[PDB]
Every structure is written in C-alpha cells, then in structure tokens.
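Next come the chains, spelled out residue by residue.
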Amino acid sequence: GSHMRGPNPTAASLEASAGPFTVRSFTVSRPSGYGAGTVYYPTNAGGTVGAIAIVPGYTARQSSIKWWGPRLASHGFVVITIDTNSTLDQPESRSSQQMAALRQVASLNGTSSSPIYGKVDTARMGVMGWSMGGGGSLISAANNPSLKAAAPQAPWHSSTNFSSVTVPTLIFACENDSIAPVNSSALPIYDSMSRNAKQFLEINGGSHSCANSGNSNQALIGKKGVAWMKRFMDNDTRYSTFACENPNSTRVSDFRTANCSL
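## Notes on the environment of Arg103
Move 1: The residue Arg103 is located in helix α3 (residues 91–108) in this model.
Move 2: Between the C-alpha atoms of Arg103 and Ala53, which are 50 residues apart in sequence, the distance is 9.9 Å.

Spelled out as structure tokens, the structure:
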C-alpha cells in the first residue's frame, strides 16, 4: 500500500519553490460548512493523489497560508485553503470547518463538472494550519485517527494534552513566538504525544508568522512539509531520509523526533 508518484527527490529539489507537477486552482462556488475555499490540484500526476485542508489563525484569511497551495500541489496533492465562517472562530470550530473542506473535496472528486473529478484518493487525507488553525489540525487528528498526517505551524490551543493523537504529526515552531510561546504551547503539545511518529522543527529567532506566506525559510520549511506529507500520506519511503532527518542548519534552533524510522 505505497503510492509513489514523481521522481526520487533530492534535498536541493525539495528546497525549490516548486515540484515536478503543473498546478491549477479554482475558487469553491458554494462552500459547504466553511466560509470560502481555493482548491489547488496537479494537472497530470500519474495516479490519484491525497487531499490536505489548511486553516488560518484568528483574524487571518487564505493569504497567511496560501503558499502551501502550490508548494504541496506541485508534488502531487490536492490542497484546499479555507476562510472560516467567521475570522473570530475558535479551535473546535476551525477543526469542524477543516473536516467540512475535506468532505467537499471528496464531493468535487465525484462531480463530473469539477476540475478534480476522479483525481482524489479519498482514503489519503492530511491537515495543516496556523495558530488556532494548527490547534484545530491537532483536534482533527485526535478526532479522526484515519487521517494520514498532520503538519501544524505555531500551534495555539487552550489545552496542551494531545496524548490521544496516533497520526504522524510534524509541528513547525517559531523560536521567538510572543503570541503562542514555544515553552507554553508548541513544545508542551509535542511533549504530550507518546503514541505516534512525531517531529518538532523550531525556526531560529522566528516570530509567530515564521511559517506563513513570504517567510525567509520557505526552502527548509517547504522541504520538511512535502517530505512529511509524501512519507506519511503516500507511504513513500523514498522520503524517509528527508522526513526523519535532523537538519544540519543554523536556521534551526531546536529539533526533536520520535518513532521516525529510517
């Protein structure tokens, strides 16, 4: 049950702004259980690809997280980026809306008129998001253990105990985060998970927006995000090296992993 699409990656090629596959996008016409959606898909991937739903933080919109659209989609995924019903939605609401976006992607996969008909393996899904949307991503993983992977960024939740989570979980953390401090949010969430493949990448002198569109580490962050999603959503062991690697870089202030078999 492996699903290998594309060429054998290299560090240099995963650090590039774009993967091998051409990306098109469209706006969701009638959003079902969320505010608005942009869908990114690869035009000719060679086989069905998994879907990733990405949710912003409090007051934020699609622009905060938009870069992940092409970065992942060009490596063979369907990515939906959402605006929430209200810019002031809390983490549990952000999780329900994340799962509704995945449901409507499974829907547009069965929709002869949609540009993604037949394009999706609906049994291969992942979740990502920023701050309260990263908290929602961890709530989606805890409630839906069939999800293949989770890669939240600068995660925010009112509770740090995610000990139930069995989904392979990569947490991007920002060293200088004053909004969701690492010592009280990202690290405690990471320390709670003992039943899963997990990783903690912390960006040297990073602010709260250190993994957002236009950050100064899209090379490293993008490489790690694609690696983690290819390893765990496709069971593609070509990406085991990149997924589990402790990057030798000054751009990283901390790195931890567990159950990440090479």
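We are not done yet, so read on.
## Quick word on the pairing of strand β5 (residues 120–129)
Move 1: With eight of ten residues buried, β5 is to be regarded as a mostly interior element.
Move 2: In the sheet, strand β3 (residues 49–55) pairs with β5 via six bridges, with the strands oriented parallel. Across the sheet, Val49 pairs through a bridge with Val120, a residue of β5.
Move 3: Pairing of β5 with strand β6 (residues 149–150), which is carried by two bridges, proceeds in the parallel orientation. Among the inter-strand pairings, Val127 is bridged to a residue of β6, identified as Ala150.
Move 4: On the question of chirality, the crossover connecting β5 to the parallel β6 by way of helix α4 (residues 132–143) is right-handed.

## Focus: the state of the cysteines
Move 1: This structure, assessed with the given rule, holds two disulfides.
Move 2: The side chain of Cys174 participates in a disulfide bridge whose partner is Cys210; the two sulfur atoms lie 2.1 Å from each other. Because the sign of the S-S torsion sets the handedness, a value of about -85° for the bond joining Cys174 and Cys210 places this disulfide among the left-handed ones. Pair noted here: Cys174 is in strand β7 (residues 169–174) and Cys210 is in the loop between β8 (198–203) and α6 (218–233), with a separation of 36 residues, a long-range link. Here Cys174 matches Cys210 in class, with each residue buried.
Move 3: There is a disulfide in this structure between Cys244 and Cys260, and the S-S distance comes to 2.2 Å. For the disulfide bridge between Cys244 and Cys260, the dihedral angle about the S-S bond is near -80°, and by the sign convention the bridge is left-handed. Taken together, the positions of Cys244 in helix α7 (residues 240–244) and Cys260 in the segment after β9 (252–258) put the pair 16 residues apart, joining distant regions of the chain. One exposure class covers both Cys244 and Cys260, and it is buried.

Rules used in this analysis
- Residues numbered from 1 in each chain as written, not as in the entry; some residues may be left out.
- Heavy atoms only, no water.
- Helix = DSSP H or I, 4+ residues; strand = E, 2+ residues; numbered from the N terminus.
- Buried < 20%, exposed > 50% of the residue type's maximum accessible area, 1.4 Å probe, protein only.
- Pairing = 2+ DSSP bridges.
- Right-handed = clockwise from strand over helix to strand, strands pointing away.
- Disulfide = S-S within 2.5 Å.

No statement about biological role is implied by the geometric values presented.
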